[PDB]
Amino acid sequence: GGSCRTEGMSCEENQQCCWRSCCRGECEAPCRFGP
């Protein structure tokens, strides 16, 4: 519900994140922790 999450805001996936990109806790681009 409501407005999308911006970069670095907390989430569960692309579908709430306005970046349409990977999120395992915050709105991100690389779909993996560390290198």
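Along the chain as shown, the residues are counted starting at 1.
Even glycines carry a Cβ here, placed using N, Cα and C.
Note: Swiss-Prot links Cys4 through a disulfide bond to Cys18 (candidates: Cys11, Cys17, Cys18). As annotated in Swiss-Prot, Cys31 shares a disulfide bond with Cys22, one of the listed residues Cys22, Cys23, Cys27. In Swiss-Prot, the entry for 4-carboxyglutamate among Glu13, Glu28 corresponds to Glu13. Screening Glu12, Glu26 against Swiss-Prot annotations picks out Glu12 (annotated as 4-carboxyglutamate). Measuring Cα to Cα from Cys18 (disulfide bond), the recorded positions that fall within 10 Å are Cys27, out of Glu12, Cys27, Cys31, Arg32, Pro35. Taking Cβ-Cβ distances under 8 Å and a sequence gap of 6 or more within the same chain, the neighbours of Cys11 (disulfide bond) are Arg5, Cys17, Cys23, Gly25, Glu26, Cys27.
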